[PDB]
file work02.pdb (PDB, C-alpha atoms (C1' of nucleotides))
ATOM      1  CA  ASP A 253      20.406 -21.084  -5.924
ATOM      2  CA  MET A 254      17.138 -20.666  -7.795
ATOM      3  CA  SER A 255      17.768 -20.996 -11.514
ATOM      4  CA  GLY A 256      15.697 -19.421 -14.246
ATOM      5  CA  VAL A 257      14.084 -16.744 -12.097
ATOM      6  CA  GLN A 258      14.078 -14.282 -15.013
ATOM      7  CA  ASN A 259      12.014 -16.469 -17.321
ATOM      8  CA  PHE A 260       9.471 -16.957 -14.539
ATOM      9  CA  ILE A 261       9.251 -13.244 -13.747
ATOM     10  CA  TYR A 262       8.714 -12.553 -17.452
ATOM     11  CA  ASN A 263       6.448 -15.580 -18.000
ATOM     12  CA  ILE A 264       3.598 -13.142 -18.605
ATOM     13  CA  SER A 265       1.736 -12.185 -21.748
ATOM     14  CA  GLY A 266      -1.749 -11.426 -20.441
ATOM     15  CA  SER A 267      -3.571  -8.195 -19.792
ATOM     16  CA  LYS A 268      -2.547  -7.604 -16.175
ATOM     17  CA  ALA A 269       1.193  -7.556 -16.853
ATOM     18  CA  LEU A 270       1.978  -4.669 -14.507
ATOM     19  CA  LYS A 271       0.661  -6.528 -11.471
ATOM     20  CA  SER A 272       2.011  -9.982 -12.341
ATOM     21  CA  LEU A 273       5.540  -8.607 -12.762
ATOM     22  CA  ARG A 274       5.742  -7.222  -9.228
ATOM     23  CA  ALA A 275       3.882 -10.315  -7.996
ATOM     24  CA  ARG A 276       6.483 -12.729  -9.354
ATOM     25  CA  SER A 277       9.404 -10.513  -8.341
ATOM     26  CA  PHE A 278       8.075 -10.496  -4.784
ATOM     27  CA  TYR A 279       7.146 -14.172  -4.901
ATOM     28  CA  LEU A 280      10.598 -15.567  -5.696
ATOM     29  CA  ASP A 281      12.149 -13.590  -2.845
ATOM     30  CA  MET A 282       9.492 -14.698  -0.371
ATOM     31  CA  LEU A 283       9.838 -18.358  -1.440
ATOM     32  CA  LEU A 284      13.575 -18.158  -0.818
ATOM     33  CA  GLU A 285      12.873 -16.521   2.552
ATOM     34  CA  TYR A 286      10.460 -19.186   3.791
ATOM     35  CA  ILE A 287      12.581 -22.020   2.372
ATOM     36  CA  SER A 288      15.640 -20.778   4.265
ATOM     37  CA  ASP A 289      13.692 -20.025   7.456
ATOM     38  CA  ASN A 290      12.005 -23.432   7.416
ATOM     39  CA  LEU A 291      15.385 -25.109   6.980
ATOM     40  CA  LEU A 292      16.642 -23.231  10.047
ATOM     41  CA  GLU A 293      13.460 -24.183  11.925
ATOM     42  CA  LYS A 294      13.964 -27.861  11.097
ATOM     43  CA  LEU A 295      17.604 -27.436  12.125
ATOM     44  CA  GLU A 296      16.354 -26.208  15.584
ATOM     45  CA  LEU A 297      18.321 -23.085  14.865
ATOM     46  CA  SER A 298      18.049 -19.298  14.960
ATOM     47  CA  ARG A 299      18.080 -16.898  12.020
ATOM     48  CA  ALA A 300      21.628 -15.774  12.839
ATOM     49  CA  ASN A 301      23.137 -18.470  10.608
ATOM     50  CA  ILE A 302      22.087 -16.683   7.422
ATOM     51  CA  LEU A 303      24.983 -14.778   5.965
ATOM     52  CA  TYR A 304      23.045 -13.310   3.053
ATOM     53  CA  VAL A 305      19.759 -13.767   1.211
ATOM     54  CA  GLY A 306      19.439 -11.975  -2.107
ATOM     55  CA  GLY A 307      17.753 -12.359  -5.448
ATOM     56  CA  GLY A 308      17.816 -16.097  -5.965
ATOM     57  CA  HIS A 309      20.715 -16.816  -3.603
ATOM     58  CA  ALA A 310      20.933 -17.759   0.063
ATOM     59  CA  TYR A 311      24.290 -18.608   1.656
ATOM     60  CA  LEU A 312      24.247 -20.338   5.041
ATOM     61  CA  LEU A 313      26.534 -21.580   7.813
ATOM     62  CA  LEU A 314      25.492 -24.710   9.705
ATOM     63  CA  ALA A 315      27.146 -27.422  11.782
ATOM     64  CA  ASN A 316      28.859 -30.527  10.352
ATOM     65  CA  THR A 317      27.006 -33.477  11.888
ATOM     66  CA  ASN A 318      25.572 -36.582  10.252
ATOM     67  CA  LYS A 319      22.115 -35.767  11.634
ATOM     68  CA  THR A 320      22.300 -32.484   9.723
ATOM     69  CA  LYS A 321      23.289 -34.506   6.647
ATOM     70  CA  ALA A 322      20.219 -36.725   7.019
ATOM     71  CA  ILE A 323      17.871 -33.777   7.480
ATOM     72  CA  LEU A 324      19.606 -31.991   4.585
ATOM     73  CA  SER A 325      18.999 -34.912   2.213
ATOM     74  CA  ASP A 326      15.387 -35.139   3.402
ATOM     75  CA  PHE A 327      15.020 -31.388   2.821
ATOM     76  CA  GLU A 328      16.496 -31.963  -0.664
ATOM     77  CA  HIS A 329      13.920 -34.620  -1.501
ATOM     78  CA  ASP A 330      10.940 -32.672  -0.138
ATOM     79  CA  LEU A 331      11.871 -29.348  -1.764
ATOM     80  CA  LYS A 332      12.731 -30.958  -5.106
ATOM     81  CA  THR A 333       9.434 -32.860  -5.171
ATOM     82  CA  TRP A 334       7.466 -29.752  -4.241
ATOM     83  CA  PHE A 335       8.946 -27.706  -7.089
ATOM     84  CA  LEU A 336       8.471 -30.611  -9.490
ATOM     85  CA  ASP A 337       4.794 -30.653  -8.516
ATOM     86  CA  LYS A 338       4.219 -26.929  -9.060
ATOM     87  CA  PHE A 339       6.764 -25.549 -11.547
ATOM     88  CA  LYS A 340       7.468 -28.524 -13.827
ATOM     89  CA  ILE A 341      11.017 -27.635 -14.887
ATOM     90  CA  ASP A 342      10.710 -23.875 -14.467
ATOM     91  CA  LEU A 343      12.138 -23.422 -10.968
ATOM     92  CA  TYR A 344      14.936 -25.345  -9.316
ATOM     93  CA  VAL A 345      16.979 -24.836  -6.151
ATOM     94  CA  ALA A 346      20.528 -26.163  -6.024
ATOM     95  CA  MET A 347      21.504 -27.005  -2.456
ATOM     96  CA  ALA A 348      25.130 -28.060  -2.115
ATOM     97  CA  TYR A 349      27.069 -28.288   1.138
ATOM     98  CA  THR A 350      30.812 -27.774   1.341
ATOM     99  CA  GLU A 351      32.907 -28.782   4.329
ATOM    100  CA  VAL A 352      35.665 -26.611   5.798
ATOM    101  CA  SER A 353      37.889 -27.155   8.800
ATOM    102  CA  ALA A 354      37.856 -24.615  11.602
ATOM    103  CA  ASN A 355      41.432 -23.668  10.730
ATOM    104  CA  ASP A 356      40.383 -23.210   7.096
ATOM    105  CA  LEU A 357      38.176 -20.171   7.601
ATOM    106  CA  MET A 358      40.648 -18.409   9.912
ATOM    107  CA  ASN A 359      42.280 -17.162   6.631
ATOM    108  CA  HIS A 360      45.837 -17.597   7.971
ATOM    109  CA  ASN A 361      46.634 -20.043   5.164
ATOM    110  CA  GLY A 362      44.329 -18.067   2.889
ATOM    111  CA  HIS A 363      41.662 -20.261   1.304
ATOM    112  CA  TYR A 364      38.360 -18.347   1.371
ATOM    113  CA  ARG A 365      37.690 -17.283  -2.227
ATOM    114  CA  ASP A 366      38.235 -20.905  -3.201
ATOM    115  CA  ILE A 367      35.589 -21.842  -0.617
ATOM    116  CA  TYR A 368      33.212 -19.707  -2.674
ATOM    117  CA  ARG A 369      34.697 -21.288  -5.809
ATOM    118  CA  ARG A 370      34.197 -24.845  -4.511
ATOM    119  CA  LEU A 371      30.630 -24.022  -3.529
ATOM    120  CA  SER A 372      30.081 -22.680  -7.057
ATOM    121  CA  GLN A 373      31.568 -25.869  -8.545
ATOM    122  CA  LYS A 374      29.262 -28.062  -6.462
ATOM    123  CA  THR A 375      26.262 -25.859  -7.306
ATOM    124  CA  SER A 376      27.029 -26.101 -11.032
ATOM    125  CA  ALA A 377      27.591 -29.852 -10.652
ATOM    126  CA  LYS A 378      24.133 -30.315  -9.162
ATOM    127  CA  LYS A 379      22.750 -27.930 -11.795
ATOM    128  CA  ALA A 380      24.196 -30.092 -14.565
ATOM    129  CA  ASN A 381      22.454 -33.265 -13.327
ATOM    130  CA  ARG A 382      19.183 -31.947 -11.959
ATOM    131  CA  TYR A 383      16.592 -34.691 -11.732
ATOM    132  CA  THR A 384      16.963 -38.390 -11.065
ATOM    133  CA  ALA A 385      15.524 -41.212 -13.143
ATOM    134  CA  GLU A 386      12.123 -41.677 -11.520
ATOM    135  CA  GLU A 387      11.573 -37.911 -11.437
ATOM    136  CA  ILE A 388      11.961 -37.711 -15.231
ATOM    137  CA  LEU A 389       9.846 -40.860 -15.640
ATOM    138  CA  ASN A 390       7.022 -39.484 -13.472
ATOM    139  CA  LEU A 391       7.378 -36.084 -15.133
ATOM    140  CA  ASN A 392       6.808 -37.630 -18.553
ATOM    141  CA  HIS A 393       4.067 -39.984 -17.362
ATOM    142  CA  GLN A 394       1.937 -37.200 -15.850
ATOM    143  CA  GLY A 395       1.441 -35.639 -19.292
ATOM    144  CA  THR A 396      -2.091 -35.307 -20.628
ATOM    145  CA  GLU A 397      -3.761 -33.403 -23.438
ATOM    146  CA  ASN A 398      -6.436 -30.747 -22.975
ATOM    147  CA  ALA A 399      -8.195 -28.046 -24.973
ATOM    148  CA  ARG A 400      -7.350 -25.265 -22.514
ATOM    149  CA  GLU A 401      -4.261 -23.533 -21.220
ATOM    150  CA  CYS A 402      -3.497 -20.465 -19.218
ATOM    151  CA  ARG A 403      -2.068 -17.519 -21.098
ATOM    152  CA  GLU A 404       0.854 -16.613 -18.827
ATOM    153  CA  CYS A 405       1.751 -20.096 -17.570
ATOM    154  CA  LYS A 406       1.096 -21.955 -20.808
ATOM    155  CA  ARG A 407       0.157 -24.973 -18.763
ATOM    156  CA  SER A 408      -2.517 -27.585 -19.237
ATOM    157  CA  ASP A 409      -3.181 -28.644 -15.658
ATOM    158  CA  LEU A 410      -4.297 -27.148 -12.334
ATOM    159  CA  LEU A 411      -6.593 -24.687 -14.110
ATOM    160  CA  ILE A 412      -9.699 -23.236 -12.502
ATOM    161  CA  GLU A 413     -13.251 -23.652 -13.774
ATOM    162  CA  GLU A 414     -15.211 -21.096 -15.900
ATOM    163  CA  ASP A 415     -11.964 -19.096 -16.308
ATOM    164  CA  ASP A 416      -8.705 -19.967 -18.023
ATOM    165  CA  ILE A 417      -5.855 -18.722 -15.813
ATOM    166  CA  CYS A 418      -3.750 -21.094 -13.706
ATOM    167  CA  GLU A 419      -4.129 -21.150  -9.947
ATOM    168  CA  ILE A 420      -0.777 -19.577  -9.146
ATOM    169  CA  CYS A 421      -1.212 -17.505 -12.328
ATOM    170  CA  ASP A 422      -4.346 -15.870 -10.853
ATOM    171  CA  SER A 423      -3.280 -15.930  -7.193
ATOM    172  CA  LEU A 424      -0.286 -13.748  -8.080
ATOM    173  CA  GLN A 425      -2.521 -11.206  -9.844
ATOM    174  CA  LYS A 426      -4.987 -10.985  -6.939
ATOM    175  CA  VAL A 427      -2.329 -10.731  -4.235
ATOM    176  CA  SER A 428      -0.492  -8.171  -6.352
ATOM    177  CA  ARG A 429      -3.719  -6.158  -6.409
ATOM    178  CA  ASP A 430      -4.038  -6.064  -2.615
ATOM    179  CA  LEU A 431      -0.463  -5.143  -1.727
ATOM    180  CA  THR A 432       0.503  -1.807  -0.126
ATOM    181  CA  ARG A 433       3.367  -0.380   1.960
ATOM    182  CA  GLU A 434       2.329  -1.050   5.573
ATOM    183  CA  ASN A 435       0.632  -4.372   4.720
ATOM    184  CA  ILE A 436       1.647  -7.497   6.598
ATOM    185  CA  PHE A 437       2.538 -10.930   5.212
ATOM    186  CA  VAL A 438       1.337 -14.051   7.013
ATOM    187  CA  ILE A 439       1.684 -17.786   6.379
ATOM    188  CA  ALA A 440      -0.366 -20.703   7.706
ATOM    189  CA  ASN A 441      -2.057 -23.903   6.576
ATOM    190  CA  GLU A 442      -4.675 -21.721   4.854
ATOM    191  CA  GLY A 443      -3.552 -18.970   2.501
ATOM    192  CA  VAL A 444      -3.424 -18.004  -1.177
ATOM    193  CA  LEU A 445       0.077 -18.475  -2.610
ATOM    194  CA  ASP A 446       1.569 -21.948  -2.517
ATOM    195  CA  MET A 447       4.757 -22.532  -0.542
ATOM    196  CA  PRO A 448       6.507 -25.688   0.622
ATOM    197  CA  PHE A 449       5.937 -27.776   2.585
ATOM    198  CA  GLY A 450       2.195 -27.396   2.422
ATOM    199  CA  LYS A 451       1.774 -24.054   4.140
ATOM    200  CA  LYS A 452       0.442 -21.205   2.022
ATOM    201  CA  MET A 453       0.698 -17.407   2.188
ATOM    202  CA  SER A 454      -2.290 -15.125   2.762
ATOM    203  CA  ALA A 455      -0.698 -11.631   2.470
ATOM    204  CA  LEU A 456      -3.751 -10.142   4.185
ATOM    205  CA  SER A 457      -3.920  -6.523   5.322
ATOM    206  CA  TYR A 458      -4.799  -4.898   8.629
ATOM    207  CA  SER A 459      -8.452  -5.877   8.393
ATOM    208  CA  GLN A 460     -10.972  -8.357   9.838
ATOM    209  CA  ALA A 461      -8.375 -11.155   9.514
ATOM    210  CA  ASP A 462      -5.937  -9.608  12.028
ATOM    211  CA  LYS A 463      -7.475 -11.826  14.727
ATOM    212  CA  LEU A 464      -5.326 -14.829  13.768
ATOM    213  CA  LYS A 465      -2.377 -13.260  15.638
ATOM    214  CA  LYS A 466      -4.219 -14.099  18.847
ATOM    215  CA  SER A 467      -3.078 -17.706  19.487
ATOM    216  CA  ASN A 468      -1.048 -17.761  16.262
ATOM    217  CA  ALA A 469       0.564 -21.135  16.831
ATOM    218  CA  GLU A 470       2.433 -22.509  13.771
ATOM    219  CA  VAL A 471       1.966 -19.123  12.063
ATOM    220  CA  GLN A 472       4.769 -16.776  10.992
ATOM    221  CA  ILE A 473       4.692 -13.055  10.232
ATOM    222  CA  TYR A 474       6.678 -11.219   7.529
ATOM    223  CA  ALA A 475       6.778  -7.461   7.938
ATOM    224  CA  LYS A 476       7.550  -4.152   6.272
ATOM    225  CA  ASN A 477       7.652  -2.069   9.473
ATOM    226  CA  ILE A 478       8.346  -3.073  13.075
ATOM    227  CA  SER A 479       6.742  -1.249  16.011
ATOM    228  CA  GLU A 480       5.503  -3.825  18.541
ATOM    229  CA  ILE A 481       8.074  -6.128  20.144
ATOM    230  CA  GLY A 482       5.873  -7.826  22.721
ATOM    231  CA  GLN A 483       3.769 -10.736  21.490
ATOM    232  CA  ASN A 484       3.627  -9.482  17.893
ATOM    233  CA  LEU A 485       6.846 -11.149  16.567
ATOM    234  CA  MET A 486       7.094  -9.556  13.125
ATOM    235  CA  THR A 487      10.299 -10.151  11.160
ATOM    236  CA  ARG A 488      11.274  -7.782   8.359
ATOM    237  CA  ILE A 489      11.256  -8.780   4.701
ATOM    238  CA  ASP A 490      12.963  -6.254   2.438
ATOM    239  CA  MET A 491      10.689  -5.378  -0.485
ATOM    240  CA  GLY A 492      10.275  -1.981  -2.144
ATOM    241  CA  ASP A 493       6.813  -1.017  -3.368
ATOM    242  CA  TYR A 494       6.652   2.744  -3.783
ATOM    243  CA  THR A 495       3.509   3.731  -5.671
ATOM    244  CA  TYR A 496       2.475   7.313  -6.352
ATOM    245  CA  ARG A 497      -1.123   6.990  -7.581
ATOM    246  CA  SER A 498      -1.345   3.476  -9.244
ATOM    247  CA  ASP A 499      -3.413   4.951 -12.109
ATOM    248  CA  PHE A 500      -1.272   6.159 -14.988
ATOM    249  CA  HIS A 501      -3.964   8.539 -16.222
ATOM    250  CA  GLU A 502      -4.196  10.483 -12.956
ATOM    251  CA  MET A 503      -0.390  10.422 -12.743
ATOM    252  CA  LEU A 504      -0.073  12.053 -16.141
TER     253      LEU A 504
ATOM    254  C1'   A B   1      25.161  80.664-109.545
ATOM    255  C1'   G B   2      26.162  78.519-104.308
ATOM    256  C1'   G B   3      29.285  74.610-103.265
ATOM    257  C1'   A B   4      31.494  70.794 -98.703
ATOM    258  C1'   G B   5      31.122  68.580 -93.874
ATOM    259  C1'   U B   6      30.097  67.802 -88.853
ATOM    260  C1'   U B   7      24.340  64.451 -88.327
ATOM    261  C1'   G B   8      25.679  63.622 -82.474
ATOM    262  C1'   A B   9      30.639  63.300 -79.019
ATOM    263  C1'   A B  10      32.143  61.932 -74.120
ATOM    264  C1'   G B  11      30.445  59.599 -68.884
ATOM    265  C1'   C B  12      27.480  56.717 -65.574
ATOM    266  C1'   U B  13      24.178  51.263 -67.277
ATOM    267  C1'   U B  14      21.723  50.530 -61.235
ATOM    268  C1'   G B  15      23.613  52.247 -55.874
ATOM    269  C1'   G B  16      22.442  51.049 -50.829
ATOM    270  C1'   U B  17      18.599  48.166 -47.401
ATOM    271  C1'   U B  18      16.222  44.278 -44.877
ATOM    272  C1'   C B  19      17.227  38.158 -47.977
ATOM    273  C1'   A B  20      11.734  32.968 -44.908
ATOM    274  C1'   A B  21       9.069  35.980 -39.037
ATOM    275  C1'   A B  22       5.609  34.000 -35.547
ATOM    276  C1'   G B  23       2.190  29.321 -34.572
ATOM    277  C1'   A B  24       1.215  23.906 -34.381
ATOM    278  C1'   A B  25       5.701  19.630 -34.127
ATOM    279  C1'   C B  26       1.274  14.542 -34.278
ATOM    280  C1'   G B  27      -3.940  13.930 -31.639
ATOM    281  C1'   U B  28      -6.908   9.789 -30.711
ATOM    282  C1'   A B  29      -9.028   4.351 -30.531
ATOM    283  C1'   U B  30      -7.943  -0.923 -29.744
ATOM    284  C1'   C B  31      -2.814  -2.756 -26.912
ATOM    285  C1'   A B  32      -2.316  -1.122 -21.769
ATOM    286  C1'   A B  33      -3.549   1.106 -16.834
ATOM    287  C1'   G B  34      -7.517   0.742 -13.406
TER     288        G B  34
END
call {"tool": "encode", "arguments": {"input": "work02.pdb", "output": "structure tokens"}}
result
Amino acid sequence: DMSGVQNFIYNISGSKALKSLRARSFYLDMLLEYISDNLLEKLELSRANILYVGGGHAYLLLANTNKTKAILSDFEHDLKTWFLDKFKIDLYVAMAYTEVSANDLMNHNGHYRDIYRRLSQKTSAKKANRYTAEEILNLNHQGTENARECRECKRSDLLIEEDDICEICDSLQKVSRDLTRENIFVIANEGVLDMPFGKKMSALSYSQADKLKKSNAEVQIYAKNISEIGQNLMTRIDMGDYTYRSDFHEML
RNA sequence: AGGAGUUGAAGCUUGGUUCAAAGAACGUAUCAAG
């Protein structure tokens, strides 16, 4: 459960507000996609365990073992720290597990809508008490004063030189500029848009950088269309980007 | 030898016909988009 997605989509006041809007609306979905897929990868598991991924929500179905509990708490700590590095209080995921017996989801004694209700109660409980003590202490201690800010992300750190737009705040605009229908999305240790756990996204087109797919170890592919099912391994991400002309003057 | 008595009376006082028609209905410049 990502909270406050709307105020991050509309955290724009600059010139390029058409591009940044579609950039952020794509970016939240793709963050939720890679976060879920990396959890399944660290759970040595296939993508069949996803019931549904939507706008800000991702419901899952895993096993009930204590090893999964340990890796779930570690995933909690890593993901929470990575958001607290990048989006200070702006974005927050609320992972809560609920346990059910195998008889309990057979629906013979009922008890399924209250499984959703209990998961909502635990999600709201973790939403009520978000950060721990040392997270708030570090988050107040890392404050500093500067004479510059970015104009969308009104934010006084991680700003580039000679120009006054924050690094995600400019990366979204650039990657929104080069984004078409048949374009491919790729993630690796070198990219443009920041994702946990330290692997970025390039979102490069069919161009001179297609040659990474040869020996693409530790590299994943997010697709709009699927044609090749040999050694391509492109999984579909559902995003709708119809564009007639992209210039409003020619359009009118 | 001329005297009187009528000095105008009645009727219609406008009738019908189209009673605002076609045009423009904001254009631009910053803002934005590229």
call {"tool": "atom_distance", "arguments": {"input": "work02.pdb", "atom1": "atom CA of residue 385 of chain A", "atom2": "atom CA of residue 451 of chain A"}}
result
28.0 Å
call {"tool": "residues_near_point", "arguments": {"input": "work02.pdb", "point": "(10.1, -32.2, 2.1)", "cutoff": "12 Å", "atoms": "only C-alpha atoms (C1' of nucleotides)", "output": "PyMOL selection string"}}
result
chain A and resi 287+290-291+294+323-337+447-451
call {"tool": "resolve_selection", "arguments": {"input": "work02.pdb", "expression": "the PyMOL selection byres ((chain B) within 8 of (chain A))", "output": "list in words"}}
result
residues 32, 33 and 34 of chain B
call {"tool": "atom_distance", "arguments": {"input": "work02.pdb", "atom1": "atom CA of residue 261 of chain A", "atom2": "atom CA of residue 434 of chain A"}}
result
23.9 Å
call {"tool": "closest_residue", "arguments": {"input": "work02.pdb", "among": "A:266, A:362, A:306, A:492", "to": "residue 432 of chain A", "atoms": "only C-alpha atoms"}}
result
A:492
call {"tool": "resolve_selection", "arguments": {"input": "work02.pdb", "expression": "the PyMOL selection byres ((chain A and resi 417) around 12)", "output": "MDAnalysis selection string"}}
result
chainID A and resid 264:268 400:416 418:426
call {"tool": "residues_near_point", "arguments": {"input": "work02.pdb", "point": "(8.4, -8.4, -9.0)", "cutoff": "12 Å", "atoms": "all atoms listed in the file", "output": "VMD selection string"}}
result
chain A and resid 257 to 258 260 to 264 269 to 282 307 424 to 425 427 to 428 431 491 to 493
call {"tool": "atom_distance", "arguments": {"input": "work02.pdb", "atom1": "atom CA of residue 301 of chain A", "atom2": "atom CA of residue 481 of chain A"}}
result
21.7 Å
call {"tool": "resolve_selection", "arguments": {"input": "work02.pdb", "expression": "the PyMOL selection byres ((chain A and resi 439) around 12)", "output": "PyMOL selection string"}}
result
chain A and resi 282-283+285-286+290+436-438+440-456+464-465+468-475+486
call {"tool": "residues_around", "arguments": {"input": "work02.pdb", "residues": "residue 309 of chain A", "least_positions_apart": "2", "cutoff": "10 Å", "atoms": "all atoms listed in the file", "output": "PyMOL selection string"}}
result
chain A and resi 253-255+281+284-285+304-307+311-312+345-346
call {"tool": "axis_aligned_box", "arguments": {"input": "work02.pdb", "around": "segment 4-19 of chain B", "padding_each_side": "3 Å", "output": "JSON"}}
result
{"center_x": 24.2, "center_y": 54.5, "center_z": -71.8, "size_x": 21.9, "size_y": 38.6, "size_z": 59.8}
call {"tool": "decode", "arguments": {"input": "work02.pdb", "residues": "segment 438-462 of chain A", "atoms": "N, CA and C atoms", "output": "PDB file, in the first residue's frame"}}
result
ATOM      1  N   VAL A 438      14.006  -1.338 -19.065  1.00  0.00           N
ATOM      2  CA  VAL A 438      15.105  -2.194 -18.642  1.00  0.00           C
ATOM      3  C   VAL A 438      15.681  -1.645 -17.343  1.00  0.00           C
ATOM      4  N   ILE A 439      16.074  -2.558 -16.453  1.00  0.00           N
ATOM      5  CA  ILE A 439      16.664  -2.206 -15.172  1.00  0.00           C
ATOM      6  C   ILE A 439      17.980  -2.951 -14.989  1.00  0.00           C
ATOM      7  N   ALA A 440      18.922  -2.280 -14.333  1.00  0.00           N
ATOM      8  CA  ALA A 440      20.266  -2.800 -14.102  1.00  0.00           C
ATOM      9  C   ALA A 440      20.910  -1.972 -12.997  1.00  0.00           C
ATOM     10  N   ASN A 441      22.210  -2.193 -12.795  1.00  0.00           N
ATOM     11  CA  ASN A 441      22.957  -1.404 -11.824  1.00  0.00           C
ATOM     12  C   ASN A 441      23.282  -0.012 -12.345  1.00  0.00           C
ATOM     13  N   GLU A 442      23.088   0.227 -13.636  1.00  0.00           N
ATOM     14  CA  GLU A 442      23.248   1.539 -14.241  1.00  0.00           C
ATOM     15  C   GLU A 442      21.971   1.878 -14.993  1.00  0.00           C
ATOM     16  N   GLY A 443      21.365   3.005 -14.636  1.00  0.00           N
ATOM     17  CA  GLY A 443      20.127   3.437 -15.250  1.00  0.00           C
ATOM     18  C   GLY A 443      19.890   4.910 -15.009  1.00  0.00           C
ATOM     19  N   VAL A 444      18.631   5.339 -14.954  1.00  0.00           N
ATOM     20  CA  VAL A 444      18.325   6.755 -14.781  1.00  0.00           C
ATOM     21  C   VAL A 444      17.485   6.956 -13.526  1.00  0.00           C
ATOM     22  N   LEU A 445      16.346   6.277 -13.458  1.00  0.00           N
ATOM     23  CA  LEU A 445      15.407   6.414 -12.352  1.00  0.00           C
ATOM     24  C   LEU A 445      15.738   5.465 -11.215  1.00  0.00           C
ATOM     25  N   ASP A 446      15.763   6.015 -10.010  1.00  0.00           N
ATOM     26  CA  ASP A 446      16.170   5.275  -8.828  1.00  0.00           C
ATOM     27  C   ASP A 446      15.089   4.293  -8.403  1.00  0.00           C
ATOM     28  N   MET A 447      15.499   3.062  -8.138  1.00  0.00           N
ATOM     29  CA  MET A 447      14.647   2.034  -7.569  1.00  0.00           C
ATOM     30  C   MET A 447      15.415   1.315  -6.476  1.00  0.00           C
ATOM     31  N   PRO A 448      14.722   0.777  -5.478  1.00  0.00           N
ATOM     32  CA  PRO A 448      15.380  -0.135  -4.546  1.00  0.00           C
ATOM     33  C   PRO A 448      15.663  -1.457  -5.251  1.00  0.00           C
ATOM     34  N   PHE A 449      16.792  -2.088  -4.916  1.00  0.00           N
ATOM     35  CA  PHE A 449      17.588  -1.859  -3.713  1.00  0.00           C
ATOM     36  C   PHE A 449      18.910  -1.211  -4.051  1.00  0.00           C
ATOM     37  N   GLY A 450      18.965  -0.524  -5.180  1.00  0.00           N
ATOM     38  CA  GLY A 450      20.230  -0.004  -5.649  1.00  0.00           C
ATOM     39  C   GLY A 450      20.405  -0.283  -7.119  1.00  0.00           C
ATOM     40  N   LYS A 451      19.335  -0.749  -7.747  1.00  0.00           N
ATOM     41  CA  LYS A 451      19.288  -0.965  -9.182  1.00  0.00           C
ATOM     42  C   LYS A 451      18.354   0.057  -9.803  1.00  0.00           C
ATOM     43  N   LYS A 452      18.818   0.722 -10.850  1.00  0.00           N
ATOM     44  CA  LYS A 452      18.092   1.830 -11.447  1.00  0.00           C
ATOM     45  C   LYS A 452      17.327   1.360 -12.678  1.00  0.00           C
ATOM     46  N   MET A 453      16.599   2.284 -13.309  1.00  0.00           N
ATOM     47  CA  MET A 453      15.881   1.997 -14.545  1.00  0.00           C
ATOM     48  C   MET A 453      16.389   2.911 -15.652  1.00  0.00           C
ATOM     49  N   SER A 454      16.668   2.323 -16.813  1.00  0.00           N
ATOM     50  CA  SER A 454      17.140   3.077 -17.967  1.00  0.00           C
ATOM     51  C   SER A 454      16.021   3.587 -18.859  1.00  0.00           C
ATOM     52  N   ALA A 455      15.024   2.738 -19.145  1.00  0.00           N
ATOM     53  CA  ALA A 455      13.911   3.020 -20.064  1.00  0.00           C
ATOM     54  C   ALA A 455      14.407   3.452 -21.443  1.00  0.00           C
ATOM     55  N   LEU A 456      15.415   2.744 -21.942  1.00  0.00           N
ATOM     56  CA  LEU A 456      16.017   3.026 -23.233  1.00  0.00           C
ATOM     57  C   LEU A 456      15.220   2.359 -24.352  1.00  0.00           C
ATOM     58  N   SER A 457      15.309   2.941 -25.542  1.00  0.00           N
ATOM     59  CA  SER A 457      14.543   2.500 -26.693  1.00  0.00           C
ATOM     60  C   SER A 457      15.299   1.427 -27.463  1.00  0.00           C
ATOM     61  N   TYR A 458      14.695   0.975 -28.560  1.00  0.00           N
ATOM     62  CA  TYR A 458      15.400   0.138 -29.528  1.00  0.00           C
ATOM     63  C   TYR A 458      16.390   1.012 -30.279  1.00  0.00           C
ATOM     64  N   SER A 459      17.646   0.944 -29.854  1.00  0.00           N
ATOM     65  CA  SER A 459      18.690   1.867 -30.270  1.00  0.00           C
ATOM     66  C   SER A 459      20.030   1.166 -30.064  1.00  0.00           C
ATOM     67  N   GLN A 460      21.105   1.955 -29.992  1.00  0.00           N
ATOM     68  CA  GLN A 460      22.456   1.427 -29.812  1.00  0.00           C
ATOM     69  C   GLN A 460      22.673   0.741 -28.466  1.00  0.00           C
ATOM     70  N   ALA A 461      21.764   0.919 -27.504  1.00  0.00           N
ATOM     71  CA  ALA A 461      21.861   0.241 -26.217  1.00  0.00           C
ATOM     72  C   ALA A 461      21.011  -1.025 -26.131  1.00  0.00           C
ATOM     73  N   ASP A 462      20.622  -1.614 -27.266  1.00  0.00           N
ATOM     74  CA  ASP A 462      19.934  -2.903 -27.243  1.00  0.00           C
ATOM     75  C   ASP A 462      20.887  -4.044 -26.920  1.00  0.00           C
TER      76      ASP A 462
END
